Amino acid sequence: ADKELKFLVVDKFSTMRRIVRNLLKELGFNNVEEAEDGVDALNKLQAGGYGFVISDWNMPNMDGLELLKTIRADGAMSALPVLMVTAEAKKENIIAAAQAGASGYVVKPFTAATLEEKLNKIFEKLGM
């Protein structure tokens, strides 16, 4: 994995998006773009060039599982790594996500060492 890999940070709170963007930067990942919901996110993904999507399970209009499914079915973007972000892990959320295609899942709040570890685990699983 390449430091110029372009991220899409999707979250309903601007503060949460600022926090993730800070953590990516601290890791050497500076090409980050943000979205506020699932729908907003497809709008930009559509533009192309994205490399990884980091998204919130619960967002209005188009949620985490809904956005992921949309990624997975689209010819172009179907392979994009998708990290799911949630406040509380539930077994069935984790299954739904895994089964629909999520590359990983992280419970928030998290530190940079923890995000680094999730990135490293997806990058190795993906043989990236």
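Note that residue numbering follows the sequence shown and begins at 1.
When the mean C-alpha temperature factors of 72-80 and 93-101 are read from the deposited coordinates, 72-80 comes out higher.
Here the stretch with the larger average CA B-factor, out of 41-49 and 57-65, is 41-49.
Annotation for residue 18: C-alpha temperature factor in the lowest third relative to the rest of the modelled chain, per the entry. In this PDB entry, the Cα temperature factor of residue 87 sits in the top third of its chain's modelled residues, the highest group.
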